[PDB]
Each structure stands twice: as structure tokens, then as C-alpha cells.
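Next comes just one chain, in C-alpha cells: the form deposited in one PDB entry.
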């Protein structure tokens, strides 16, 4: 079967030189519509982004969107069982920057998370989730405005990597036998009818993630980088992540001891500001983001903890449905809606397109088109402040004007 992807006639491919993106005035940007509500939110995003680009650069620049496939629609286009075509991985890597709506992974066929597959296959080791409050957003907490953090979640290792064997399977037994007999493991409480998962954490995986977090703090003049981990129980994976993170701050960024430690101070080479490098145990951290949110800024953590932390933070600022996200690697980057597919509402032009729109903001910023990105933030801030919002926000407030998904996209443009 032929590829059904159509490369835009006008449009030029983004290139990478010396680890720096070279973006033309007419970049081809691949996009995955997404399953379920992706059908609603993606078009709102395309329109909002085109408007921001048109307004910022007065017609000098323009994105040539190219639809590519993954998920339920991919099976519709390429046939039963084509959930993630090879061409999709090829195209994201070739065109360097892409965006996607929510994806659904089927159940019953032994297929693992399509979102994780994209991240692992493309080696997008940074899951970047910035979380801030937008004035006017209904929130369950008293001071959501105190939250302004950026989460760097390791995206290629941890238990999130999918190495595991089913209870009572021949493989599980084999592994448990090796552990008990050759490794002398005495701590498996019930070795029978027991499932087994493997959690890897490496020095190289940890350091490339923490390096990106510290460079971001420097590049954006943030106040601190907090290593969040559960090292007091998982000494060799979570504890090693923390140790390697502090070690990297010392070896590559000149970090030095604050008082008697354990915190370090790293001098911002551009501003002379001292960035604090600290650490917090993960369970205590889930309490601290609620109780002392103002004391945290950039966060570096492992895969599973990052998933929890980014979700908990989004909820607290009232942003469960407008949280942006990016998966970034050394050769390419994939921006994404961070919510699910909400099939019950699919096609109703009802849901909030804010998450994919703000992920597009991160995308434009990543491309160096910061003026267009600033216009989207401005637009989002004005529409929410105007209380002209979708039902998920409207239902939580008094005096709001209820808008359709498409209408909220226009409200964002109207506020640019």
C-alpha cells in the first residue's frame, strides 16, 4: 500500500545544524489529528496557530501543515492493525517538529501505549510540561497563582519502559527462578502467581535529562531545579537519579555546596543569578506543591513520578484540560494534547482545545517563533479572563459565556 501522506507543494523542511534548528519562512509541520475529540481540537489549533503566525509576521511566514497518521485513524487509512506506521516515525524525525491530538491505544490485542511508543522509538527523552495559572481559571485550591513550574520528566527509562512478565507465564516463572536461585532474592513475598516488572535507571539517561533541565533554568533565568525522587526506598534507581543529578550540576555547571549541603548553587552564566539545585522525596513533594508551591520552579524527575507530578499540578491550577506538553529529543520533537480522547463528546465541537493550543504555543516557541507564541499566550489569557469559555470551565463559574470548542478558538484569536 502506497503512503497516503501528501507532502505540501509550497513548504520547506526544517533542518538541524550544530544542534540548532534552521526554520524556513514556510516550514512543513506534520500533525496527527488524534482520536476522539482530536477531531474537534485539532482544527481549532490549526486556525489559532495560523492566525498567530499571520498576525506576528505580517504574512512573511506561514506553516504548511502536513497530516500524518497514528491511532484509530491510521487503521482507517492504512488498514486493520496499522496503529503506528513506520512512515510516521520517519516523517517526524525528517521534518523535526510535529504536533498531535490525543491517541487511543486499543485493548485486547497486546498493544502497548502508542504515546509511549512514539517517545521511545524517536528517543524523545524529555517530556516537558510547564504548569502555570491563567487568571480567571476555576481552581480547587485557594492560591493557584503561586504555581509556576516546569517539569522535565525523563521519558526513556523507568518502570514506564514496559519490561514485565505476566503472572503464571513461563517467562515470569523463569525470571523469578533466576532471581531466587541465582540472585539469592529473599524478598518476593509470594513467588507464585506473581507478575514481575523491571525498573531501569541509568547514568546516561539521568544526566541527559537533568542537563536539559539545568540548561533550561539558565536559558530562562529560573530560580531553582528540584530533583524529585523516592530514593530513600529505591536506592539504586531513584536514589541514583538524585545522586547523578547533583553530580552533573557539580561536574558540568560548577555547582557548589550551599552551607553544609545537600543543596548546590549554580551561577547563571548570563545573569549571574545563583540557581539553587535541591531535592525532595516524591511523596513529600506531592504535599509541598500544595503547601509551598512558590518554593519550586524547574523540576527534574523520573518517568513515573513525572507523570504523577505533572497531572497533580495541572489539576491544582484548574488546568486539567489546558495543560501543554512536549516530547523532545536531540533530533526531533513532538508536541501533544495532554488529555485523553473523551469519545463521548467527539465530534460535538464541545471540549476545550486549550491544551493542544498551548502545546502549539510551545511548538512555535521551540521553532524560535516567539512572537507568534506570545500572541497565543496573550489570546488565551484574554479569553479566559473574559470568561468566554468552553463548558468544562463555564460549569464551574458564575457569569460566564458558554462557547463551543471552535468558538473558544476564535475567542483566543479575538484576544491576540
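Residue numbers count along the first chain shown, from 1.
Not pictured, yet referred to below: the form deposited in another entry.
In this comparison between the shown form and the other one, the rigid parts meet at a hinge, and the single option from 125, 341, 214, 379 located at it is 125. In contrast to the form presented, in the other form the C-alpha positions of residue 287 and residue 340 spread farther apart by 3 Å or more. Relative to the shown form, the CA atoms of residue 252 and residue 21 are brought 3 Å or more closer together in the other form.
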